[PDB]
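Just one chain is shown here, as structure tokens, and it is the form deposited in one PDB entry.
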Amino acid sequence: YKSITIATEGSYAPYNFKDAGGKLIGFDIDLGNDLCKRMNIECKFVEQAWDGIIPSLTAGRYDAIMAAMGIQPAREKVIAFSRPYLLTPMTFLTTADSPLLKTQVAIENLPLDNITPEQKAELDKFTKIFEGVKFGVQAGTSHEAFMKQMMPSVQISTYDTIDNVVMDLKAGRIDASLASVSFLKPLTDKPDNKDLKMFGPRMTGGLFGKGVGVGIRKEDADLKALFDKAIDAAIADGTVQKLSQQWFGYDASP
């Protein structure tokens, strides 16, 4: 390899978004550039809509995906992933005045690879509390997959971008959402978003998968090995921790 093209969405701050001049910026961009430097390969970031990001990779329109993409079982059937470059649990989001905020959380950290009867009872509690609550999620995410498979009785609306989910939640068109702590903590840390709050268990595993990784075609075994070596080195020297703190305001590095 001499040069690679990496696709990103550009609508998922602080992973990948656009600055004042319309340039692609964020954790995924800074990390992507750092990894390519370690691999001694020219880096080119391209904007690609979330809907179609995976089929455009398999069609060979670019070499990789760095777009806050979770390493999840459904995606693993289609593409390969690098080892994770960020780890994050999932949690719920609502408004600061919502009665949903008064809900008792019996299980703070909820791993879903295996669901015990106790863990199922907690999921069932939230399901019943959410019956009548209007949820919004971004389409094609593990957030959508969770709500559709784990909480099918809950009314869900799917959106093209997470920005439109947040806009509808602020306007009161939806009552709650679901996303990672890595997305929600920087969102709610903004003084702009004092009217928004995280709540509920912090979930990991199951359909959420095992970390955020670089999406690569299954046949591109060499490129995966190059990315895995670069990620191991970027984690080891504290580069991932440094970039995580810079973009997220906390350490989400593996």
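A residue's number is simply how far along the shown sequence it sits, counting from 1.
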ask   = Between 224 to 232 and 62 to 70, which has the larger average Cα B-factor in the PDB entry?
value = 224 to 232
ask   = Is the mean CA B factor in the deposited entry higher across 141 to 149 or across 125 to 133?
value = 125 to 133
inquiry  = Between 39, 203, 54, 196, which one tops the list for Cα B-factor in this entry?
reply    = 39
query = Against its chain's modelled residues, does residue 189's Cα B factor rank lowest, middle or highest third?
reply = middle
ask   = According to the PDB entry, is the CA B factor of residue 181 in the bottom, middle or top third of its chain, that is, lowest, middle or highest?
value = lowest
query = How does residue 172 rank on Cα B-factor within its chain, lowest, middle or highest third?
reply = highest
remark   = On the chain's distribution of Cα B-factors, residue 45 falls within the third called highest
note = Sorting the chain's modelled residues by C-alpha B-factor and splitting them into thirds places residue 35 in the highest
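As for the form deposited in another entry, it is not shown, yet the points below apply to it.
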message = Rigid-part assignment between the shown form and the other one: does residue 100 fall in the same part as residue 77?
response = no
request  = Tell me whether residue 200 and residue 75 end up closer or farther apart in the other form, going by their C-alpha atoms; the shift is 3 Å or more.
outcome  = farther
